[PDB]
Protein chains: 2
Amino acid sequence: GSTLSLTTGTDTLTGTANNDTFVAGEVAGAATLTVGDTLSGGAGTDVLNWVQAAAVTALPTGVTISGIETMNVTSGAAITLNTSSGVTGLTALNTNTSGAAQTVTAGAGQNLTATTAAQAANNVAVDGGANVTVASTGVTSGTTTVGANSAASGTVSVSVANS
Amino acid sequence: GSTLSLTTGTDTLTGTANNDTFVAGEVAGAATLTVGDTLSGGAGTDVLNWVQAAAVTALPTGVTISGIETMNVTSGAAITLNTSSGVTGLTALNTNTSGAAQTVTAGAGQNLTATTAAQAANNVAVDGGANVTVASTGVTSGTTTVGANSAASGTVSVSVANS
Ligand SMILES: [Ca+2]
Ligand SMILES: [Ca+2]
Ligand SMILES: [Ca+2]
Ligand SMILES: [Ca+2]
Ligand SMILES: [Ca+2]
Ligand SMILES: [Ca+2]
């Protein structure tokens with residue numbers, strides 16, 4: 001497939017109907033998933049990689065992801081996002097912190113996986129989704145908490161490591 | 001092979017499975033190894049050249065280097081990096097200072113070489129790696145120190161010149 005890059009602007013990106021991958025990285029340390037961004041996939045080998053130094057905070061205004069099967073979200077700080085709306089066609093959501101909190105809610109139909117390194121006193125909380133997986137290492141004080149607001153459609157699989 | 005250039009953005013670079021070389025220089029004196037950069041090698045003639053006026057500090061968030069055999073790191077200031085993770089497939093790490101400190105840790109299986117010109121009162125400290133080599137010139141006050149925290153798998157070979 002083809003590889004498509006988001007900018008610090010408003011992007012209107014449309015995939016090849018093939019193995020295509022969407023990059024929502026940084027530009028000068030400025031986020032590229034931004035207001036009004038609309039992304040569209042085509043055929044079923046579609047990936048969105050969202051990577052940011054800054055904390056993920058929510059989906060930004062007017063953003064719509066569609067036809068993209070896998071969403072990877074990685075932050076230098078906390079993640080807080082909800083994906084029960086704006087996002088359609090998403091089978092797999094993977095969220096990644098190292099050393100800060102996570103507060104994620106997925107739509108049913110989406111397999112959530114919340115990987116967290118060096119969790120320390122930070123709290124993971126996840127909700128909704130189809131199959132959920134929590135994978136937390138370096139844990140300490142941190143609560144892990146699943147389905148407190150909305151249960152999973154499928155299986156829960158927490159795992160937690162402490163040193 | 002083919003020759004691939006990193007930008008001040010998020011790069012998704014994939015080698016030919018051949019003699020390919022990856023350039024991670026500067027753009028306006030802004031680093032090109034940056035958040036979310038993912039690099040991928042293929043076959044075994046793979047080189048990453050990372051060159052920066054600014055001190056090397058750590059691998060940036062979400063960066064994954066993979067399938068790349070040789071990593072060259074050159075800085076106008078200090079180097080501090082650990083490569084026992086994030087980097088996979090790495091047989092050779094070479095780090096280069098001129099007139100500032102070095103604090104490097106390599107994974108076993110990786111041959112470390114820490115070359116330092118005009119060391120002066122700056123301290124070299126290295127750890128881990130397979131074969132390690134320290135090559136220090138213009139030395140003065142500077143301590144040289146190997147395996148204080150983790151020994152080498154193979155041979156140590158320090159050499160130190162003072163004027
Ligand atoms: Ca597609
Ligand atoms: Ca954008
Ligand atoms: Ca698709
Ligand atoms: Ca880059
Ligand atoms: Ca290659
Ligand atoms: Ca290779």
# chains A, B, ... in the order shown; residues from 1 in each chain; ligands from 1
$ residues_around --residues "range 80-87 of chain A" --least-positions-apart "6" --cutoff "9 Å" --atoms "only C-alpha atoms" --output "PyMOL selection string"
chain A and resi 55-59+62-68+93+101-108+110+128-129
$ write_last_selection --atoms "C-alpha atoms" --output "PDB file, in the first residue's frame"
ATOM      1  CA  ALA A  55      -0.341  14.232  26.545  1.00  0.00           C
ATOM      2  CA  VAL A  56      -3.276  12.859  24.512  1.00  0.00           C
ATOM      3  CA  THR A  57      -6.180  14.763  25.738  1.00  0.00           C
ATOM      4  CA  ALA A  58      -9.197  13.724  23.594  1.00  0.00           C
ATOM      5  CA  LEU A  59      -9.867  13.400  19.846  1.00  0.00           C
ATOM      6  CA  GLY A  62     -14.051  17.775  13.832  1.00  0.00           C
ATOM      7  CA  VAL A  63     -11.650  14.848  13.586  1.00  0.00           C
ATOM      8  CA  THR A  64     -13.163  11.757  11.947  1.00  0.00           C
ATOM      9  CA  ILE A  65     -11.321   8.471  11.414  1.00  0.00           C
ATOM     10  CA  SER A  66     -13.050   6.046   9.087  1.00  0.00           C
ATOM     11  CA  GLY A  67     -12.163   2.778   7.321  1.00  0.00           C
ATOM     12  CA  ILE A  68      -9.026   2.327   9.410  1.00  0.00           C
ATOM     13  CA  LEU A  93      -7.145   0.284  19.498  1.00  0.00           C
ATOM     14  CA  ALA A 101      -1.775   7.741  33.581  1.00  0.00           C
ATOM     15  CA  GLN A 102      -4.211   6.207  31.101  1.00  0.00           C
ATOM     16  CA  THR A 103      -7.951   6.797  30.856  1.00  0.00           C
ATOM     17  CA  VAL A 104      -9.356   5.111  27.769  1.00  0.00           C
ATOM     18  CA  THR A 105     -12.859   4.202  26.546  1.00  0.00           C
ATOM     19  CA  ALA A 106     -13.323   2.205  23.323  1.00  0.00           C
ATOM     20  CA  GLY A 107     -16.451   1.510  21.284  1.00  0.00           C
ATOM     21  CA  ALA A 108     -17.723  -2.065  21.347  1.00  0.00           C
ATOM     22  CA  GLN A 110     -12.935  -2.423  19.035  1.00  0.00           C
ATOM     23  CA  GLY A 128     -15.955  -0.478  26.877  1.00  0.00           C
ATOM     24  CA  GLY A 129     -14.324  -2.173  23.880  1.00  0.00           C
TER      25      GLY A 129
END
$ interface_residues --of "chain A" --to "chain B" --cutoff "9 Å" --atoms "only C-alpha atoms" --output "MDAnalysis selection string"
chainID A and resid 3 5 23:29 49:53 74:76 98
$ write_last_selection --atoms "N, CA and C atoms" --output "tab-separated table (two decimals), in the first residue's frame"
chain	number	residue	atom	x	y	z
A	3	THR	N	1.98	5.21	2.09
A	3	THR	CA	2.16	5.76	3.44
A	3	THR	C	1.88	7.29	3.54
A	5	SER	N	1.17	11.08	5.43
A	5	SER	CA	1.58	11.91	6.55
A	5	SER	C	0.64	13.08	6.87
A	23	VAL	N	0.33	8.36	9.19
A	23	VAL	CA	1.26	8.78	10.25
A	23	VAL	C	0.84	10.11	10.85
A	24	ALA	N	0.56	10.10	12.15
A	24	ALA	CA	0.15	11.29	12.84
A	24	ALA	C	1.16	11.66	13.93
A	25	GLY	N	2.39	11.86	13.49
A	25	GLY	CA	3.50	12.21	14.30
A	25	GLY	C	3.59	13.66	14.69
A	26	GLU	N	4.85	14.11	14.88
A	26	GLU	CA	5.14	15.49	15.21
A	26	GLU	C	5.80	16.21	14.07
A	27	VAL	N	5.69	17.54	14.03
A	27	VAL	CA	6.43	18.32	13.04
A	27	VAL	C	7.59	19.13	13.60
A	28	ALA	N	7.36	20.05	14.51
A	28	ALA	CA	8.56	20.62	15.13
A	28	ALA	C	8.37	20.39	16.58
A	29	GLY	N	7.92	19.19	16.88
A	29	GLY	CA	7.40	18.92	18.22
A	29	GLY	C	6.01	19.51	18.35
A	49	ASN	N	-0.99	5.55	13.03
A	49	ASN	CA	0.01	5.69	14.10
A	49	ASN	C	0.04	7.10	14.59
A	50	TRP	N	-0.45	7.29	15.80
A	50	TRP	CA	-0.52	8.60	16.39
A	50	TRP	C	0.51	8.65	17.51
A	51	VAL	N	1.51	9.53	17.37
A	51	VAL	CA	2.69	9.65	18.25
A	51	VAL	C	2.96	11.13	18.56
A	52	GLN	N	3.09	11.44	19.84
A	52	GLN	CA	3.09	12.82	20.34
A	52	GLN	C	3.90	12.87	21.58
A	53	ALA	N	4.72	13.90	21.72
A	53	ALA	CA	5.39	14.16	23.01
A	53	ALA	C	4.33	14.56	24.02
A	74	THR	N	0.50	6.68	21.06
A	74	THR	CA	1.67	6.70	21.93
A	74	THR	C	1.98	8.13	22.39
A	75	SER	N	2.14	8.33	23.70
A	75	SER	CA	2.38	9.66	24.27
A	75	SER	C	3.54	9.70	25.27
A	76	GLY	N	4.30	10.79	25.22
A	76	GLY	CA	5.32	11.06	26.21
A	76	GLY	C	4.75	11.37	27.59
A	98	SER	N	4.36	5.59	28.98
A	98	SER	CA	5.52	5.20	29.75
A	98	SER	C	5.65	6.22	30.87
$ residues_around --residues "residue 19 in chain A" --least-positions-apart "2" --cutoff "10 Å" --atoms "only C-alpha atoms" --output "MDAnalysis selection string"
chainID A and resid 1:3 15:17 21 41:47
$ write_last_selection --atoms "C-alpha atoms" --output "JSON list (two decimals), in the first residue's frame"
[["chain", "number", "residue", "atom", "x", "y", "z"],
["A", 1, "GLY", "CA", 0.00, 0.00, 0.00],
["A", 2, "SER", "CA", 0.94, 3.74, 0.38],
["A", 3, "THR", "CA", 2.16, 5.76, 3.44],
["A", 15, "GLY", "CA", -6.08, 5.59, 1.38],
["A", 16, "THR", "CA", -5.42, 3.37, -1.66],
["A", 17, "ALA", "CA", -7.86, 0.57, -0.73],
["A", 21, "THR", "CA", -0.50, 3.38, 6.84],
["A", 41, "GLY", "CA", -8.99, 4.00, 4.60],
["A", 42, "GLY", "CA", -10.36, 1.80, 1.71],
["A", 43, "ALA", "CA", -9.27, -1.92, 1.86],
["A", 44, "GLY", "CA", -8.42, -3.86, 5.09],
["A", 45, "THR", "CA", -4.76, -3.44, 5.86],
["A", 46, "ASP", "CA", -5.15, 0.06, 7.38],
["A", 47, "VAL", "CA", -3.08, 1.48, 10.25]]
$ atom_distance --atom1 "CA of residue 33 in chain B" --atom2 "CA of residue 97 in chain A"
19.8 Å
$ select_by_dssp --residues "chain A" --states "strand (DSSP E or B)" --output "short mmCIF file (atom, residue, chain, number, x, y, z; two decimals) with N, CA, C and O atoms, in the first residue's frame"
data_model
loop_
_atom_site.label_atom_id
_atom_site.label_comp_id
_atom_site.auth_asym_id
_atom_site.auth_seq_id
_atom_site.Cartn_x
_atom_site.Cartn_y
_atom_site.Cartn_z
N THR A 3 1.98 5.21 2.09
CA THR A 3 2.16 5.76 3.44
C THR A 3 1.88 7.29 3.54
O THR A 3 2.58 8.08 2.93
N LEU A 4 0.85 7.70 4.30
CA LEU A 4 0.36 9.10 4.28
C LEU A 4 0.58 9.90 5.57
O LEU A 4 0.18 9.47 6.63
N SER A 5 1.17 11.08 5.43
CA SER A 5 1.58 11.91 6.55
C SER A 5 0.64 13.08 6.87
O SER A 5 0.45 13.94 6.03
N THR A 12 -7.06 16.13 4.69
CA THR A 12 -8.12 15.32 4.09
C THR A 12 -7.47 14.17 3.31
O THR A 12 -7.16 14.29 2.13
N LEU A 13 -7.27 13.05 4.00
CA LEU A 13 -6.47 11.96 3.48
C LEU A 13 -7.31 10.74 3.20
O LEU A 13 -8.17 10.36 4.00
N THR A 14 -7.04 10.15 2.03
CA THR A 14 -7.80 9.02 1.52
C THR A 14 -6.85 7.92 1.03
O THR A 14 -6.04 8.16 0.13
N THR A 21 -0.81 2.99 5.47
CA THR A 21 -0.50 3.38 6.84
C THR A 21 -0.52 4.92 6.94
O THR A 21 -0.04 5.62 6.06
N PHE A 22 -1.09 5.43 8.03
CA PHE A 22 -1.33 6.86 8.24
C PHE A 22 -0.51 7.35 9.39
O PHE A 22 -0.67 6.84 10.49
N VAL A 23 0.33 8.36 9.19
CA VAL A 23 1.26 8.78 10.25
C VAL A 23 0.84 10.11 10.85
O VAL A 23 0.81 11.12 10.17
N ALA A 24 0.56 10.10 12.15
CA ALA A 24 0.15 11.29 12.84
C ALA A 24 1.16 11.66 13.93
O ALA A 24 0.83 11.79 15.10
N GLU A 26 4.85 14.11 14.88
CA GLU A 26 5.14 15.49 15.21
C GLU A 26 5.80 16.21 14.07
O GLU A 26 6.38 15.56 13.19
N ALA A 31 2.00 18.67 17.36
CA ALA A 31 1.09 17.57 17.03
C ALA A 31 0.55 17.64 15.60
O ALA A 31 0.32 18.76 15.11
N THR A 38 -9.64 14.79 8.59
CA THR A 38 -10.49 13.65 8.27
C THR A 38 -9.73 12.60 7.46
O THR A 38 -9.14 12.90 6.42
N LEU A 39 -9.74 11.37 7.99
CA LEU A 39 -8.99 10.25 7.41
C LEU A 39 -9.90 9.13 6.97
O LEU A 39 -10.88 8.80 7.65
N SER A 40 -9.55 8.53 5.83
CA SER A 40 -10.36 7.54 5.16
C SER A 40 -9.48 6.41 4.59
O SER A 40 -8.53 6.69 3.86
N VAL A 47 -3.71 1.16 8.98
CA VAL A 47 -3.08 1.48 10.25
C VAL A 47 -3.00 3.00 10.42
O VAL A 47 -2.62 3.70 9.49
N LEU A 48 -3.35 3.50 11.61
CA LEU A 48 -3.10 4.88 12.00
C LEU A 48 -2.15 4.91 13.19
O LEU A 48 -2.44 4.33 14.22
N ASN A 49 -0.99 5.55 13.03
CA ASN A 49 0.01 5.69 14.10
C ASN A 49 0.04 7.10 14.59
O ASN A 49 0.51 8.01 13.90
N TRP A 50 -0.45 7.29 15.80
CA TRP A 50 -0.52 8.60 16.39
C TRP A 50 0.51 8.65 17.51
O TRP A 50 0.43 7.87 18.44
N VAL A 51 1.51 9.53 17.37
CA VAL A 51 2.69 9.65 18.25
C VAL A 51 2.96 11.13 18.56
O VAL A 51 3.05 11.94 17.67
N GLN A 52 3.09 11.44 19.84
CA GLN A 52 3.09 12.82 20.34
C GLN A 52 3.90 12.87 21.58
O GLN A 52 3.77 12.02 22.43
N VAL A 56 -2.01 12.97 25.27
CA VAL A 56 -3.28 12.86 24.51
C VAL A 56 -4.41 13.15 25.47
O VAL A 56 -4.46 12.66 26.60
N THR A 64 -12.47 13.01 12.23
CA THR A 64 -13.16 11.76 11.95
C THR A 64 -12.21 10.75 11.30
O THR A 64 -11.64 11.02 10.23
N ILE A 65 -12.06 9.60 11.96
CA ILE A 65 -11.32 8.47 11.41
C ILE A 65 -12.36 7.47 10.90
O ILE A 65 -13.36 7.19 11.57
N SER A 66 -12.12 6.95 9.71
CA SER A 66 -13.05 6.05 9.09
C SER A 66 -12.32 5.07 8.16
O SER A 66 -11.44 5.46 7.38
N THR A 70 -6.69 -0.51 12.54
CA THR A 70 -5.81 -0.45 13.70
C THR A 70 -5.41 1.00 14.03
O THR A 70 -4.91 1.71 13.16
N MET A 71 -5.65 1.42 15.27
CA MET A 71 -5.20 2.72 15.78
C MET A 71 -4.17 2.57 16.92
O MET A 71 -4.52 2.08 17.99
N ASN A 72 -2.93 3.01 16.70
CA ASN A 72 -1.87 3.04 17.72
C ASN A 72 -1.66 4.45 18.26
O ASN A 72 -1.35 5.36 17.50
N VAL A 73 -1.82 4.62 19.56
CA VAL A 73 -1.67 5.92 20.22
C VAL A 73 -0.56 5.92 21.29
O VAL A 73 -0.68 5.25 22.31
N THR A 74 0.50 6.68 21.06
CA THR A 74 1.67 6.70 21.93
C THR A 74 1.98 8.13 22.39
O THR A 74 2.08 9.05 21.58
N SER A 75 2.14 8.33 23.70
CA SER A 75 2.38 9.66 24.27
C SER A 75 3.54 9.70 25.27
O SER A 75 3.69 8.78 26.09
N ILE A 79 -2.52 9.48 28.55
CA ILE A 79 -3.53 9.38 27.49
C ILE A 79 -4.91 9.42 28.13
O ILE A 79 -5.18 8.76 29.14
N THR A 80 -5.75 10.27 27.55
CA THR A 80 -7.16 10.26 27.84
C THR A 80 -7.80 10.33 26.48
O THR A 80 -7.71 11.36 25.82
N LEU A 81 -8.40 9.25 26.01
CA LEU A 81 -9.28 9.38 24.89
C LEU A 81 -10.47 8.46 24.94
O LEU A 81 -10.45 7.47 25.63
N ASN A 82 -11.52 8.85 24.23
CA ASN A 82 -12.72 8.08 24.04
C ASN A 82 -12.86 7.83 22.55
O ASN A 82 -12.71 8.75 21.77
N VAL A 87 -15.03 7.66 15.35
CA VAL A 87 -14.31 6.56 14.79
C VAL A 87 -15.25 5.44 14.45
O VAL A 87 -16.06 5.06 15.30
N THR A 88 -15.13 4.95 13.21
CA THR A 88 -15.97 3.89 12.65
C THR A 88 -15.08 2.96 11.84
O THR A 88 -14.20 3.43 11.10
N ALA A 92 -9.24 -2.54 16.15
CA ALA A 92 -8.18 -2.60 17.16
C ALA A 92 -7.59 -1.23 17.61
O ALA A 92 -7.01 -0.50 16.80
N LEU A 93 -7.74 -0.91 18.90
CA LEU A 93 -7.14 0.28 19.50
C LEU A 93 -6.07 -0.07 20.53
O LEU A 93 -6.35 -0.76 21.50
N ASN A 94 -4.85 0.43 20.31
CA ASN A 94 -3.69 0.18 21.18
C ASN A 94 -3.13 1.47 21.72
O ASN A 94 -2.69 2.31 20.95
N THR A 95 -3.14 1.62 23.03
CA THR A 95 -2.67 2.84 23.66
C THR A 95 -1.47 2.61 24.60
O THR A 95 -1.46 1.66 25.39
N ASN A 96 -0.49 3.51 24.50
CA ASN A 96 0.85 3.28 25.05
C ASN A 96 1.38 4.46 25.84
O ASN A 96 1.58 5.56 25.30
N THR A 97 1.60 4.25 27.14
CA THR A 97 2.22 5.25 27.99
C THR A 97 3.50 4.69 28.53
O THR A 97 3.69 3.47 28.56
N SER A 98 4.36 5.59 28.98
CA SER A 98 5.52 5.20 29.75
C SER A 98 5.65 6.22 30.87
O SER A 98 6.16 7.32 30.67
N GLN A 102 -3.44 6.54 32.27
CA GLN A 102 -4.21 6.21 31.10
C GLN A 102 -5.68 6.21 31.50
O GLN A 102 -6.03 5.72 32.58
N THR A 103 -6.51 6.81 30.65
CA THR A 103 -7.95 6.80 30.86
C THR A 103 -8.63 6.64 29.51
O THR A 103 -8.89 7.63 28.81
N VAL A 104 -8.90 5.41 29.12
CA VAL A 104 -9.36 5.11 27.77
C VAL A 104 -10.72 4.47 27.78
O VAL A 104 -11.02 3.70 28.69
N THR A 105 -11.55 4.81 26.78
CA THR A 105 -12.86 4.20 26.55
C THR A 105 -12.95 3.87 25.05
O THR A 105 -12.75 4.76 24.20
N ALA A 106 -13.21 2.61 24.72
CA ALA A 106 -13.32 2.20 23.32
C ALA A 106 -14.77 1.90 23.01
O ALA A 106 -15.56 1.62 23.93
N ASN A 111 -11.10 -3.86 19.78
CA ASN A 111 -10.24 -4.54 20.77
C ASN A 111 -9.22 -3.59 21.34
O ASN A 111 -8.29 -3.17 20.64
N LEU A 112 -9.40 -3.25 22.61
CA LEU A 112 -8.51 -2.32 23.28
C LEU A 112 -7.31 -3.06 23.86
O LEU A 112 -7.47 -4.13 24.41
N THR A 113 -6.12 -2.46 23.74
CA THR A 113 -4.91 -2.92 24.43
C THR A 113 -4.11 -1.77 25.06
O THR A 113 -3.39 -1.06 24.37
N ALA A 114 -4.23 -1.60 26.37
CA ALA A 114 -3.48 -0.57 27.11
C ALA A 114 -2.16 -1.02 27.81
O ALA A 114 -2.12 -1.42 29.00
N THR A 115 -1.07 -0.89 27.04
CA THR A 115 0.31 -1.12 27.47
C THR A 115 0.90 0.12 28.16
O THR A 115 0.85 1.22 27.63
N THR A 116 1.43 -0.08 29.36
CA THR A 116 1.98 0.98 30.20
C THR A 116 3.29 0.51 30.84
O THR A 116 3.29 -0.51 31.53
N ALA A 117 4.39 1.20 30.57
CA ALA A 117 5.67 0.88 31.20
C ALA A 117 5.86 1.83 32.37
O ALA A 117 5.31 2.93 32.36
N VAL A 124 -4.16 3.41 35.75
CA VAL A 124 -4.82 2.98 34.53
C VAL A 124 -6.29 2.73 34.83
O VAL A 124 -6.65 2.14 35.87
N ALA A 125 -7.14 3.23 33.92
CA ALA A 125 -8.58 3.01 33.94
C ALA A 125 -9.02 2.80 32.50
O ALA A 125 -8.74 3.64 31.66
N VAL A 126 -9.64 1.67 32.20
CA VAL A 126 -10.19 1.44 30.84
C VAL A 126 -11.66 0.99 30.85
O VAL A 126 -12.14 0.42 31.86
N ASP A 127 -12.37 1.24 29.73
CA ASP A 127 -13.80 0.97 29.64
C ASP A 127 -14.24 0.60 28.24
O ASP A 127 -13.59 0.95 27.26
N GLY A 128 -15.36 -0.10 28.15
CA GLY A 128 -15.96 -0.48 26.88
C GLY A 128 -15.07 -1.42 26.10
O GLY A 128 -14.39 -2.25 26.70
N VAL A 132 -10.73 -6.58 25.79
CA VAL A 132 -9.73 -5.65 26.33
C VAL A 132 -8.52 -6.39 26.89
O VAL A 132 -8.64 -7.54 27.35
N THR A 133 -7.37 -5.74 26.82
CA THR A 133 -6.13 -6.23 27.38
C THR A 133 -5.46 -5.07 28.07
O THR A 133 -5.23 -4.05 27.46
N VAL A 134 -5.14 -5.21 29.35
CA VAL A 134 -4.25 -4.27 30.03
C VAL A 134 -2.92 -4.98 30.24
O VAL A 134 -2.91 -6.10 30.75
N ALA A 135 -1.82 -4.33 29.85
CA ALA A 135 -0.45 -4.84 30.03
C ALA A 135 0.40 -3.80 30.74
O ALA A 135 0.96 -2.94 30.12
N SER A 136 0.48 -3.88 32.05
CA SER A 136 1.15 -2.86 32.86
C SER A 136 2.41 -3.44 33.55
O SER A 136 2.33 -4.53 34.15
N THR A 144 -5.25 -0.42 38.82
CA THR A 144 -5.67 -0.85 37.52
C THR A 144 -7.15 -1.07 37.70
O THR A 144 -7.60 -1.60 38.74
N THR A 145 -7.93 -0.57 36.74
CA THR A 145 -9.39 -0.63 36.88
C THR A 145 -10.11 -0.70 35.51
O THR A 145 -9.89 0.12 34.65
N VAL A 146 -10.90 -1.76 35.33
CA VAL A 146 -11.53 -2.09 34.02
C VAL A 146 -13.04 -2.15 34.17
O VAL A 146 -13.56 -2.74 35.13
N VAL A 156 -11.85 -9.78 29.14
CA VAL A 156 -10.84 -8.97 29.81
C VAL A 156 -9.61 -9.83 30.05
O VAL A 156 -9.72 -11.03 30.38
N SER A 157 -8.44 -9.23 29.86
CA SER A 157 -7.14 -9.85 30.20
C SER A 157 -6.15 -8.82 30.77
O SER A 157 -5.34 -8.27 30.04
N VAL A 158 -6.24 -8.54 32.05
CA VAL A 158 -5.28 -7.69 32.74
C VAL A 158 -4.02 -8.49 32.97
O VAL A 158 -4.09 -9.70 33.17
N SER A 159 -2.87 -7.82 32.90
CA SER A 159 -1.65 -8.27 33.60
C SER A 159 -0.76 -7.13 34.11
O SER A 159 -0.59 -6.13 33.46
N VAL A 160 -0.22 -7.31 35.31
CA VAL A 160 0.41 -6.24 36.09
C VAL A 160 1.72 -6.73 36.70
O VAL A 160 1.71 -7.72 37.43
#
$ residues_around --residues "residue 139 in chain A" --least-positions-apart "5" --cutoff "6 Å" --atoms "only C-alpha atoms" --output "JSON, numbers by chain"
{"A": [119, 120, 161, 162]}
$ atom_distance --atom1 "CA of residue 89 in chain B" --atom2 "CA of residue 152 in chain B"
17.7 Å
$ atom_distance --atom1 "CA of residue 118 in chain B" --atom2 "CA of residue 130 in chain B"
26.0 Å
$ closest_residue --among "A:143, A:122, A:149, A:18" --to "ligand 3" --atoms "only C-alpha atoms and all ligand atoms"
A:18
$ closest_residue --among "B:69, B:154, B:99, B:6" --to "ligand 4" --atoms "only C-alpha atoms and all ligand atoms"
B:6
